Amino acid sequence: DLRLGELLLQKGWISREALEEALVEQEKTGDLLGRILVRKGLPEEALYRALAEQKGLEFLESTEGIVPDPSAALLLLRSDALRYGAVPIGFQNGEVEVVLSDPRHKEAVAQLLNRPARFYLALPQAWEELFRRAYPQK
Amino acid sequence: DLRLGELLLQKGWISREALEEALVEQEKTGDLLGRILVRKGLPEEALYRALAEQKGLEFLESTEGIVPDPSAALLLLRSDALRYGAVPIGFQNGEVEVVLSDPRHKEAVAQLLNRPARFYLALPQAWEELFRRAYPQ
Ligand SMILES: Nc1nc2c(ncn2[C@@H]2O[C@@H]3COP(=O)(O)O[C@H]4[C@@H](O)[C@H](n5cnc6c(=O)[nH]c(N)nc65)O[C@@H]4COP(=O)(O)O[C@H]3[C@H]2O)c(=O)[nH]1
Ligand SMILES: Nc1nc2c(ncn2[C@@H]2O[C@@H]3COP(=O)(O)O[C@H]4[C@@H](O)[C@H](n5cnc6c(=O)[nH]c(N)nc65)O[C@@H]4COP(=O)(O)O[C@H]3[C@H]2O)c(=O)[nH]1
């Protein structure tokens with residue numbers, strides 16, 4: 001319902017002038033809005049918390065405690081896990097738990113999995129650490 | 001030596017008007033600045049990362065993988081680990097690794113331990129789960 005800029009405004013993590021400056025730049029550059037905001041000083045975690053709320057994802061402050069379930073990992077080929085930015089990590093109540101790197105990929109991943117799923121969002125470094133543990137390059 | 005408010009303002013978690021507002025409220029209520037800011041929308045994790053930076057602590061996002069070394073837990077009576085909010089979890093390079101629940105207790109704990117130490121900080125639930133693991137019963 002709410003766009004990213006409005007979400008951040010509502011949470012008090014950007015100012016109206018900071019948002020307008022970003023939207024004015026975007027209309028000249030076409031860069032992703034969150035990228036402009038972060039480049040101008042928005043904490044990257046603030047961006048991801050807002051993006052998670054927008055797509056109904058649970059934001060994961062860390063992936064270090066996750067022990068990836070090998071049987072969940074079989075639900076995506078490694079090449080697909082990397083391309084879609086999705087790590088299946090386990091099961092809860094007959095749903096597969098999946099950690100995304102980019103909320104914009106939730107729908108594409110959900111369609112692919114074609115089963116009940118619970119989605120999480122992790123920061124880039126946290127996501128890559130998790131991916132490598134779930135999908136060793138071996 | 002930056003105070004918490006300007007630490008958070010520089011990062012961009014709070015506006016300047018929100019900081020002034022929170023300190024004005026604190027003048028009436030006396031609550032901690034971090035608790036007011038968290039009530040006003042600051043993530044608790046962002047608060048603890050700033051508090052860790054301020055006191056030279058390493059903030060731990062998670063304690064789930066830590067297996068507490070019993071040899072290190074011996075360095076504090078359980079009663080002291082609870083009162084000081086400090087869990088010794090192991091040793092690195094001749095320093096004892098200690099996980100604090102509150103960065104304000106760093107100096108008191110360091111004086112007591114009286115040996116080289118590496119200090120970490122953890123959010124309350126993660127700290128409690130680690131404390132029960134290191135100091136069972
Ligand atoms: N992984 C990742 N995802 C990002 C990032 N920035 C945005 N996303 C998401 O990608 C979608 C397209 O972003 P946009 O290209 O900047 O296109 C934006 C942007 O041009 C504009 N916009 C965003 N917020 C506002 C606002 O508050 N006010 C106005 N007038 N326009 C806004 O509306 C369009 C739709 O925005 P949204 O519905 O929120 O949809 C956004 C948002 O869900 C990022 O840095 N990283
Ligand atoms: N466990 C926990 N610890 C917390 C929390 N908030 C602060 N601490 C820490 O406790 C000390 C006392 O916080 P305070 O009572 O709000 O008393 C504060 C506060 O009244 C004020 N203050 C803090 N930041 C600012 C600022 O940016 N500008 C101004 N003018 N005053 C500030 O200076 C005094 C000292 O602030 P600090 O040096 O940063 O020292 C702070 C900080 O290290 C919390 O929510 N939980």
# chains A, B, ... in the order shown; residues from 1 in each chain; ligands from 1
call {"tool": "closest_atom_pairs", "arguments": {"of": "chain B", "to": "chain A", "cutoff": "12 Å", "atoms": "only C-alpha atoms", "output": "Markdown table"}}
result
| residue | atom | partner | partner_atom | distance |
| --- | --- | --- | --- | --- |
| B:8 | CA | A:43 | CA | 10.3 |
| B:9 | CA | A:13 | CA | 10.3 |
| B:10 | CA | A:41 | CA | 8.6 |
| B:11 | CA | A:43 | CA | 6.5 |
| B:12 | CA | A:42 | CA | 5.7 |
| B:13 | CA | A:13 | CA | 5.5 |
| B:14 | CA | A:13 | CA | 6.2 |
| B:15 | CA | A:15 | CA | 7.5 |
| B:16 | CA | A:15 | CA | 10.3 |
| B:17 | CA | A:15 | CA | 10.6 |
| B:18 | CA | A:12 | CA | 8.6 |
| B:19 | CA | A:12 | CA | 11.6 |
| B:37 | CA | A:12 | CA | 10.8 |
| B:38 | CA | A:11 | CA | 11.5 |
| B:39 | CA | A:11 | CA | 11.5 |
| B:40 | CA | A:12 | CA | 8.4 |
| B:41 | CA | A:11 | CA | 6.3 |
| B:42 | CA | A:13 | CA | 8.5 |
| B:43 | CA | A:46 | CA | 8.8 |
| B:44 | CA | A:61 | CA | 10.8 |
| B:45 | CA | A:61 | CA | 8.0 |
| B:46 | CA | A:45 | CA | 8.7 |
| B:49 | CA | A:61 | CA | 11.7 |
| B:59 | CA | A:62 | CA | 11.8 |
| B:60 | CA | A:62 | CA | 9.4 |
| B:61 | CA | A:62 | CA | 5.9 |
| B:62 | CA | A:65 | CA | 6.4 |
| B:63 | CA | A:65 | CA | 7.5 |
| B:64 | CA | A:65 | CA | 5.3 |
| B:65 | CA | A:65 | CA | 5.9 |
| B:66 | CA | A:65 | CA | 9.4 |
| B:123 | CA | A:61 | CA | 11.7 |
| B:126 | CA | A:65 | CA | 11.1 |
call {"tool": "write_last_selection", "arguments": {"atoms": "N, CA, C and O atoms", "output": "short mmCIF file (atom, residue, chain, number, x, y, z; two decimals), in the first residue's frame"}}
result
data_model
loop_
_atom_site.label_atom_id
_atom_site.label_comp_id
_atom_site.auth_asym_id
_atom_site.auth_seq_id
_atom_site.Cartn_x
_atom_site.Cartn_y
_atom_site.Cartn_z
N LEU B 8 23.78 8.45 16.93
CA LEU B 8 22.64 8.03 16.12
C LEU B 8 22.29 9.06 15.07
O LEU B 8 21.88 8.71 13.96
N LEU B 9 22.47 10.35 15.39
CA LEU B 9 22.12 11.38 14.42
C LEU B 9 23.03 11.31 13.21
O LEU B 9 22.57 11.43 12.07
N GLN B 10 24.34 11.14 13.45
CA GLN B 10 25.30 11.02 12.36
C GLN B 10 24.96 9.85 11.45
O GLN B 10 25.02 9.96 10.23
N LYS B 11 24.59 8.71 12.04
CA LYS B 11 24.21 7.55 11.25
C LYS B 11 22.95 7.80 10.43
O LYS B 11 22.80 7.25 9.33
N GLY B 12 22.03 8.62 10.93
CA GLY B 12 20.80 8.90 10.23
C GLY B 12 19.58 8.19 10.78
O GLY B 12 18.53 8.22 10.14
N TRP B 13 19.69 7.55 11.94
CA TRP B 13 18.55 6.85 12.53
C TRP B 13 17.51 7.81 13.11
O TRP B 13 16.34 7.45 13.24
N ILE B 14 17.93 9.01 13.50
CA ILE B 14 17.04 9.97 14.13
C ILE B 14 17.32 11.34 13.54
O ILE B 14 18.47 11.66 13.19
N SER B 15 16.29 12.17 13.47
CA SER B 15 16.47 13.55 13.08
C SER B 15 17.00 14.38 14.25
O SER B 15 16.99 13.95 15.40
N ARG B 16 17.46 15.59 13.94
CA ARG B 16 17.92 16.48 15.00
C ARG B 16 16.75 16.90 15.89
O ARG B 16 16.89 16.98 17.12
N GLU B 17 15.58 17.13 15.29
CA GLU B 17 14.41 17.50 16.07
C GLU B 17 13.95 16.35 16.96
O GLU B 17 13.47 16.57 18.08
N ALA B 18 14.09 15.10 16.49
CA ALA B 18 13.73 13.97 17.33
C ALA B 18 14.67 13.84 18.52
O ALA B 18 14.23 13.47 19.62
N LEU B 19 15.96 14.13 18.33
CA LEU B 19 16.90 14.06 19.45
C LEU B 19 16.57 15.12 20.49
O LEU B 19 16.46 14.83 21.68
N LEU B 37 14.21 6.68 22.56
CA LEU B 37 14.38 6.60 21.11
C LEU B 37 13.83 5.30 20.56
O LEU B 37 13.23 5.29 19.48
N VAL B 38 14.01 4.19 21.28
CA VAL B 38 13.44 2.92 20.82
C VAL B 38 11.92 2.99 20.83
O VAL B 38 11.25 2.53 19.89
N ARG B 39 11.33 3.59 21.87
CA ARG B 39 9.89 3.76 21.89
C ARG B 39 9.41 4.59 20.70
O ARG B 39 8.30 4.38 20.19
N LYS B 40 10.24 5.52 20.22
CA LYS B 40 9.89 6.41 19.12
C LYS B 40 10.27 5.85 17.74
O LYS B 40 10.15 6.56 16.74
N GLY B 41 10.73 4.60 17.66
CA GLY B 41 10.94 3.94 16.37
C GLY B 41 12.35 3.47 16.09
O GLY B 41 12.58 2.86 15.04
N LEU B 42 13.32 3.73 16.96
CA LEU B 42 14.68 3.22 16.75
C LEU B 42 14.73 1.71 16.99
O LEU B 42 14.30 1.26 18.05
N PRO B 43 15.24 0.91 16.05
CA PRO B 43 15.40 -0.52 16.34
C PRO B 43 16.31 -0.74 17.53
O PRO B 43 17.36 -0.10 17.65
N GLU B 44 15.89 -1.64 18.43
CA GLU B 44 16.74 -1.98 19.58
C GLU B 44 18.14 -2.39 19.14
O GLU B 44 19.13 -2.06 19.80
N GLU B 45 18.25 -3.12 18.02
CA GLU B 45 19.57 -3.52 17.53
C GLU B 45 20.41 -2.33 17.11
O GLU B 45 21.63 -2.34 17.30
N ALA B 46 19.80 -1.31 16.50
CA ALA B 46 20.57 -0.12 16.16
C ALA B 46 21.06 0.59 17.41
O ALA B 46 22.18 1.11 17.45
N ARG B 49 24.07 -1.45 18.79
CA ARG B 49 25.28 -1.26 17.99
C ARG B 49 25.94 0.07 18.31
O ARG B 49 27.18 0.15 18.39
N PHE B 59 29.45 -5.78 19.26
CA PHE B 59 28.06 -6.18 19.38
C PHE B 59 27.86 -7.54 18.72
O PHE B 59 28.33 -7.77 17.60
N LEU B 60 27.18 -8.45 19.42
CA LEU B 60 26.92 -9.78 18.90
C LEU B 60 25.49 -9.83 18.40
O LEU B 60 24.56 -9.61 19.17
N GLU B 61 25.33 -10.10 17.11
CA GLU B 61 23.98 -10.18 16.56
C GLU B 61 23.25 -11.41 17.07
O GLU B 61 22.01 -11.42 17.14
N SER B 62 23.99 -12.44 17.45
CA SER B 62 23.44 -13.72 17.82
C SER B 62 24.39 -14.41 18.78
O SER B 62 25.62 -14.29 18.64
N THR B 63 23.83 -15.12 19.76
CA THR B 63 24.61 -15.96 20.67
C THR B 63 24.32 -17.44 20.49
O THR B 63 24.80 -18.26 21.28
N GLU B 64 23.56 -17.80 19.45
CA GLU B 64 23.06 -19.17 19.35
C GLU B 64 24.17 -20.18 19.09
O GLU B 64 24.08 -21.33 19.52
N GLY B 65 25.23 -19.77 18.41
CA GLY B 65 26.31 -20.68 18.12
C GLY B 65 27.36 -20.82 19.21
O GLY B 65 28.20 -21.72 19.15
N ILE B 66 27.32 -19.95 20.22
CA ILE B 66 28.38 -19.98 21.22
C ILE B 66 28.19 -21.20 22.10
O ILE B 66 27.10 -21.47 22.61
N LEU B 123 21.86 -8.34 23.09
CA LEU B 123 20.51 -7.95 23.46
C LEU B 123 19.98 -8.86 24.57
O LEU B 123 20.47 -9.98 24.75
N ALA B 126 19.03 -12.71 23.93
CA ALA B 126 20.22 -13.47 23.56
C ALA B 126 21.19 -13.59 24.73
O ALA B 126 21.83 -14.63 24.93
#
call {"tool": "residues_around", "arguments": {"residues": "residue B:95", "least_positions_apart": "5", "cutoff": "12 Å", "atoms": "only C-alpha atoms", "output": "list in words"}}
result
residues 72, 88, 89, 90, 110, 113, 114, 115, 116, 117, 118 and 119 of chain B
call {"tool": "write_last_selection", "arguments": {"atoms": "N, CA, C and O atoms", "output": "CSV table (one decimal), in the first residue's frame"}}
result
chain,number,residue,atom,x,y,z
B,72,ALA,N,36.3,-20.9,31.4
B,72,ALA,CA,36.1,-19.5,31.4
B,72,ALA,C,35.0,-19.1,32.4
B,72,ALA,O,35.1,-18.1,33.1
B,88,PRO,N,31.5,-14.9,30.9
B,88,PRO,CA,32.8,-15.4,30.3
B,88,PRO,C,32.5,-16.6,29.4
B,88,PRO,O,31.9,-17.6,30.0
B,89,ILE,N,32.8,-16.6,28.2
B,89,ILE,CA,32.5,-17.7,27.2
B,89,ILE,C,33.7,-18.4,26.7
B,89,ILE,O,33.5,-19.5,26.1
B,90,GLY,N,34.9,-17.9,26.9
B,90,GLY,CA,36.1,-18.6,26.3
B,90,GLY,C,37.3,-17.7,26.4
B,90,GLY,O,37.3,-16.6,27.0
B,110,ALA,N,35.4,-5.1,34.1
B,110,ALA,CA,36.9,-5.2,33.8
B,110,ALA,C,37.7,-5.1,35.0
B,110,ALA,O,38.8,-5.7,35.1
B,113,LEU,N,37.5,-8.5,36.9
B,113,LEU,CA,38.2,-9.6,36.2
B,113,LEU,C,39.7,-9.5,36.3
B,113,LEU,O,40.4,-10.5,36.4
B,114,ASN,N,40.2,-8.2,36.3
B,114,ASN,CA,41.5,-7.9,36.6
B,114,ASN,C,42.5,-8.7,35.7
B,114,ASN,O,43.6,-9.2,36.1
B,115,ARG,N,42.1,-8.9,34.4
B,115,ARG,CA,43.0,-9.5,33.5
B,115,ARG,C,42.6,-9.1,32.1
B,115,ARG,O,41.5,-8.6,31.9
B,116,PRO,N,43.4,-9.2,31.1
B,116,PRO,CA,43.0,-8.8,29.7
B,116,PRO,C,41.8,-9.5,29.3
B,116,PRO,O,41.6,-10.7,29.5
B,117,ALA,N,40.8,-8.7,28.7
B,117,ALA,CA,39.5,-9.2,28.4
B,117,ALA,C,39.1,-8.6,27.1
B,117,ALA,O,39.5,-7.5,26.7
B,118,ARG,N,38.3,-9.3,26.3
B,118,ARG,CA,37.6,-8.9,25.1
B,118,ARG,C,36.1,-8.8,25.4
B,118,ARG,O,35.5,-9.9,25.7
B,119,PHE,N,35.5,-7.6,25.3
B,119,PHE,CA,34.1,-7.5,25.7
B,119,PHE,C,33.2,-7.4,24.5
B,119,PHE,O,33.4,-6.8,23.5
call {"tool": "atom_distance", "arguments": {"atom1": "atom 22 (N, counted along the ligand's line) of ligand 2", "atom2": "atom CA of residue B:33"}}
result
6.7 Å
call {"tool": "residues_around", "arguments": {"residues": "residue A:47", "least_positions_apart": "5", "cutoff": "10 Å", "atoms": "only C-alpha atoms", "output": "short mmCIF file (atom, residue, chain, number, x, y, z; two decimals) with C-alpha atoms, in the first residue's frame"}}
result
data_model
loop_
_atom_site.label_atom_id
_atom_site.label_comp_id
_atom_site.auth_asym_id
_atom_site.auth_seq_id
_atom_site.Cartn_x
_atom_site.Cartn_y
_atom_site.Cartn_z
CA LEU A 4 9.21 3.01 0.19
CA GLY A 5 9.60 6.76 0.65
CA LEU A 7 7.21 4.08 4.69
CA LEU A 8 10.53 5.62 5.75
CA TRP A 13 14.10 7.40 9.36
CA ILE A 14 14.23 10.00 6.55
CA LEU A 33 15.23 4.94 -4.78
CA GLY A 34 16.63 3.01 -1.82
CA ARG A 35 20.08 3.11 -3.42
CA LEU A 37 18.68 7.29 -0.12
CA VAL A 38 21.41 5.04 1.29
CA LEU A 42 20.13 6.40 5.11
CA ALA A 52 10.73 -6.05 4.53
CA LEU A 123 21.22 -7.92 4.52
#
call {"tool": "residues_near_ligand", "arguments": {"ligand": "ligand 1", "cutoff": "9 Å", "atoms": "only C-alpha atoms and all ligand atoms", "output": "JSON, numbers by chain"}}
result
{"A": [1, 2, 3, 4, 5, 6, 7, 8, 9, 19, 20, 23, 26, 27, 30, 31, 32, 33, 34, 35, 36, 37, 38, 44, 47, 48, 51, 54, 55, 101, 102, 103, 104, 105]}
call {"tool": "write_last_selection", "arguments": {"atoms": "N, CA, C and O atoms", "output": "short mmCIF file (atom, residue, chain, number, x, y, z; two decimals), in the first residue's frame"}}
result
data_model
loop_
_atom_site.label_atom_id
_atom_site.label_comp_id
_atom_site.auth_asym_id
_atom_site.auth_seq_id
_atom_site.Cartn_x
_atom_site.Cartn_y
_atom_site.Cartn_z
N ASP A 1 0.82 -1.20 0.00
CA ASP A 1 0.00 0.00 0.00
C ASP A 1 0.86 1.26 0.00
O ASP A 1 0.68 2.15 -0.83
N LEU A 2 1.81 1.33 0.93
CA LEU A 2 2.71 2.48 1.01
C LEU A 2 3.96 2.24 0.18
O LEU A 2 4.52 1.14 0.18
N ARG A 3 4.41 3.28 -0.52
CA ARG A 3 5.68 3.22 -1.21
C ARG A 3 6.84 3.39 -0.23
O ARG A 3 6.67 3.86 0.90
N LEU A 4 8.04 3.01 -0.69
CA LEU A 4 9.21 3.01 0.19
C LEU A 4 9.42 4.35 0.87
O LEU A 4 9.69 4.42 2.08
N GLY A 5 9.35 5.44 0.09
CA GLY A 5 9.60 6.76 0.65
C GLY A 5 8.62 7.11 1.75
O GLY A 5 9.02 7.59 2.82
N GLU A 6 7.34 6.83 1.53
CA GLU A 6 6.32 7.11 2.55
C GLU A 6 6.56 6.25 3.79
O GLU A 6 6.41 6.73 4.92
N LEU A 7 6.92 4.99 3.58
CA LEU A 7 7.21 4.08 4.69
C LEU A 7 8.31 4.66 5.58
O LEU A 7 8.15 4.75 6.80
N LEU A 8 9.42 5.07 4.98
CA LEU A 8 10.53 5.62 5.75
C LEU A 8 10.14 6.91 6.45
O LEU A 8 10.55 7.14 7.60
N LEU A 9 9.38 7.77 5.77
CA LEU A 9 8.88 9.00 6.38
C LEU A 9 8.05 8.68 7.62
O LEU A 9 8.21 9.31 8.67
N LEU A 19 13.90 12.99 1.27
CA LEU A 19 13.14 12.21 0.31
C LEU A 19 12.95 12.97 -1.00
O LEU A 19 13.08 12.39 -2.09
N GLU A 20 12.62 14.26 -0.92
CA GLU A 20 12.40 15.00 -2.16
C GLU A 20 13.68 15.11 -2.97
O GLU A 20 13.66 14.95 -4.20
N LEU A 23 14.02 11.86 -4.78
CA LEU A 23 13.09 11.68 -5.88
C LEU A 23 13.41 12.63 -7.04
O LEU A 23 13.18 12.28 -8.20
N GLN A 26 16.26 10.90 -8.79
CA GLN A 26 15.78 9.73 -9.52
C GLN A 26 15.15 10.12 -10.84
O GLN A 26 15.40 9.48 -11.87
N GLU A 27 14.36 11.20 -10.85
CA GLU A 27 13.74 11.66 -12.09
C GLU A 27 14.77 12.12 -13.11
O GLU A 27 14.42 12.27 -14.29
N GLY A 30 17.04 7.79 -12.80
CA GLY A 30 16.42 6.48 -12.84
C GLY A 30 17.02 5.43 -11.93
O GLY A 30 16.66 4.26 -12.05
N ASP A 31 17.94 5.80 -11.04
CA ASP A 31 18.47 4.85 -10.06
C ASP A 31 17.37 4.39 -9.11
O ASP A 31 16.38 5.09 -8.88
N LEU A 32 17.56 3.21 -8.53
CA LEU A 32 16.64 2.70 -7.51
C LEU A 32 16.58 3.67 -6.34
O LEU A 32 17.61 4.22 -5.92
N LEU A 33 15.39 3.89 -5.79
CA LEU A 33 15.23 4.94 -4.78
C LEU A 33 16.01 4.62 -3.52
O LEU A 33 16.69 5.49 -2.95
N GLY A 34 15.91 3.38 -3.03
CA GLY A 34 16.63 3.01 -1.82
C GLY A 34 18.13 3.19 -1.97
O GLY A 34 18.81 3.60 -1.03
N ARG A 35 18.65 2.91 -3.17
CA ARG A 35 20.08 3.11 -3.42
C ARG A 35 20.47 4.58 -3.30
O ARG A 35 21.53 4.90 -2.76
N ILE A 36 19.63 5.50 -3.81
CA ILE A 36 19.94 6.93 -3.69
C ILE A 36 19.87 7.36 -2.24
O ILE A 36 20.72 8.13 -1.76
N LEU A 37 18.83 6.92 -1.52
CA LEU A 37 18.68 7.29 -0.12
C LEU A 37 19.86 6.81 0.71
O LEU A 37 20.38 7.56 1.55
N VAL A 38 20.30 5.57 0.50
CA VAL A 38 21.41 5.04 1.29
C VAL A 38 22.69 5.77 0.95
O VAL A 38 23.49 6.12 1.83
N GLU A 44 21.77 1.42 5.69
CA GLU A 44 21.30 0.31 4.84
C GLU A 44 20.30 -0.58 5.59
O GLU A 44 19.34 -1.07 5.00
N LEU A 47 16.82 0.89 5.34
CA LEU A 47 16.23 0.57 4.06
C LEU A 47 15.67 -0.85 4.06
O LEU A 47 14.54 -1.08 3.62
N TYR A 48 16.43 -1.81 4.58
CA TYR A 48 15.96 -3.18 4.47
C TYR A 48 14.80 -3.45 5.40
O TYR A 48 13.88 -4.19 5.04
N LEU A 51 11.82 -2.13 3.48
CA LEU A 51 11.49 -3.01 2.36
C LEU A 51 10.86 -4.31 2.85
O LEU A 51 9.93 -4.84 2.22
N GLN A 54 7.27 -3.68 3.75
CA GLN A 54 6.45 -3.40 2.57
C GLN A 54 5.97 -4.68 1.89
O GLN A 54 4.86 -4.73 1.35
N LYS A 55 6.80 -5.71 1.90
CA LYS A 55 6.49 -6.97 1.23
C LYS A 55 6.10 -8.06 2.23
O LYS A 55 6.06 -9.24 1.86
N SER A 101 17.42 -12.23 -0.55
CA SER A 101 18.36 -11.13 -0.57
C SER A 101 17.74 -9.83 -1.06
O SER A 101 18.30 -8.75 -0.81
N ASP A 102 16.60 -9.90 -1.73
CA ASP A 102 15.95 -8.77 -2.39
C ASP A 102 14.45 -9.00 -2.33
O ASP A 102 13.94 -9.97 -2.93
N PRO A 103 13.71 -8.15 -1.63
CA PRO A 103 12.25 -8.33 -1.54
C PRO A 103 11.55 -8.29 -2.88
O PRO A 103 10.45 -8.85 -3.01
N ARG A 104 12.13 -7.63 -3.89
CA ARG A 104 11.49 -7.60 -5.20
C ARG A 104 11.40 -8.99 -5.82
O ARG A 104 10.65 -9.17 -6.79
N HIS A 105 12.14 -9.97 -5.31
CA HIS A 105 12.11 -11.32 -5.87
C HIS A 105 11.14 -12.25 -5.16
O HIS A 105 11.03 -13.42 -5.55
#
call {"tool": "select_by_dssp", "arguments": {"residues": "chain A", "states": "strand (DSSP E or B)", "output": "ChimeraX atom specification"}}
result
/A:58-60,86-92,95-100,117-122
call {"tool": "residues_near_ligand", "arguments": {"ligand": "ligand 2", "cutoff": "6 Å", "atoms": "only C-alpha atoms and all ligand atoms", "output": "VMD selection string"}}
result
chain B and resid 3 to 6 32 to 35 102
call {"tool": "select_by_dssp", "arguments": {"residues": "stretch 41-117 of chain B", "states": "helix (DSSP H, G or I)", "output": "number ranges by chain"}}
result
B: 44-54, 70-73, 78-84, 103-113
call {"tool": "atom_distance", "arguments": {"atom1": "atom CA of residue A:113", "atom2": "atom CA of residue A:95"}}
result
10.7 Å
call {"tool": "closest_residue", "arguments": {"among": "B:50, B:23, B:57, B:112", "to": "residue B:76", "atoms": "only C-alpha atoms"}}
result
B:112
call {"tool": "residues_around", "arguments": {"residues": "residue B:73", "least_positions_apart": "2", "cutoff": "12 Å", "atoms": "only C-alpha atoms", "output": "MDAnalysis selection string"}}
result
chainID B and resid 67:71 75:82 86:91 96:99 113 130:136
call {"tool": "residues_around", "arguments": {"residues": "residue A:109", "least_positions_apart": "3", "cutoff": "9 Å", "atoms": "only C-alpha atoms", "output": "PyMOL selection string"}}
result
chain A and resi 84-86+100+105-106+112-114
call {"tool": "write_last_selection", "arguments": {"atoms": "C-alpha atoms", "output": "mmCIF file, in the first residue's frame"}}
result
data_model
loop_
_atom_site.group_PDB
_atom_site.id
_atom_site.type_symbol
_atom_site.label_atom_id
_atom_site.label_comp_id
_atom_site.auth_asym_id
_atom_site.auth_seq_id
_atom_site.Cartn_x
_atom_site.Cartn_y
_atom_site.Cartn_z
ATOM 1 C CA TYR A 84 16.766 -15.605 -7.391
ATOM 2 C CA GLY A 85 18.649 -14.698 -4.203
ATOM 3 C CA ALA A 86 16.723 -17.291 -2.165
ATOM 4 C CA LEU A 100 15.670 -13.627 0.344
ATOM 5 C CA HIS A 105 12.112 -11.320 -5.867
ATOM 6 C CA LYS A 106 9.538 -12.667 -3.398
ATOM 7 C CA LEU A 112 8.643 -21.157 -8.566
ATOM 8 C CA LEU A 113 8.384 -22.951 -5.219
ATOM 9 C CA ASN A 114 4.668 -23.475 -5.773
#
call {"tool": "closest_residue", "arguments": {"among": "A:77, A:72, A:117, A:122", "to": "residue A:99", "atoms": "only C-alpha atoms"}}
result
A:122
call {"tool": "decode", "arguments": {"residues": "stretch 1-24 of chain B", "atoms": "C-alpha atoms", "output": "mmCIF file, in the first residue's frame"}}
result
data_model
loop_
_atom_site.group_PDB
_atom_site.id
_atom_site.type_symbol
_atom_site.label_atom_id
_atom_site.label_comp_id
_atom_site.auth_asym_id
_atom_site.auth_seq_id
_atom_site.Cartn_x
_atom_site.Cartn_y
_atom_site.Cartn_z
ATOM 1 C CA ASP B 1 33.896 10.704 22.736
ATOM 2 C CA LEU B 2 30.517 11.049 21.022
ATOM 3 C CA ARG B 3 27.342 10.796 23.058
ATOM 4 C CA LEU B 4 24.644 8.335 22.014
ATOM 5 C CA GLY B 5 22.368 11.014 20.559
ATOM 6 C CA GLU B 6 24.906 12.397 18.127
ATOM 7 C CA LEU B 7 26.142 8.874 17.326
ATOM 8 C CA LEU B 8 22.641 8.026 16.120
ATOM 9 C CA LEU B 9 22.116 11.376 14.425
ATOM 10 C CA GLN B 10 25.299 11.022 12.363
ATOM 11 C CA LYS B 11 24.212 7.550 11.246
ATOM 12 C CA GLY B 12 20.796 8.898 10.235
ATOM 13 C CA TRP B 13 18.547 6.852 12.535
ATOM 14 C CA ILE B 14 17.036 9.972 14.130
ATOM 15 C CA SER B 15 16.475 13.554 13.076
ATOM 16 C CA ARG B 16 17.916 16.475 15.005
ATOM 17 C CA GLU B 17 14.407 17.497 16.073
ATOM 18 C CA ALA B 18 13.728 13.969 17.333
ATOM 19 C CA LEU B 19 16.895 14.056 19.447
ATOM 20 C CA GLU B 20 16.017 17.430 20.979
ATOM 21 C CA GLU B 21 12.472 16.133 21.596
ATOM 22 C CA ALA B 22 13.775 13.014 23.353
ATOM 23 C CA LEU B 23 16.172 14.919 25.616
ATOM 24 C CA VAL B 24 13.353 17.314 26.513
#
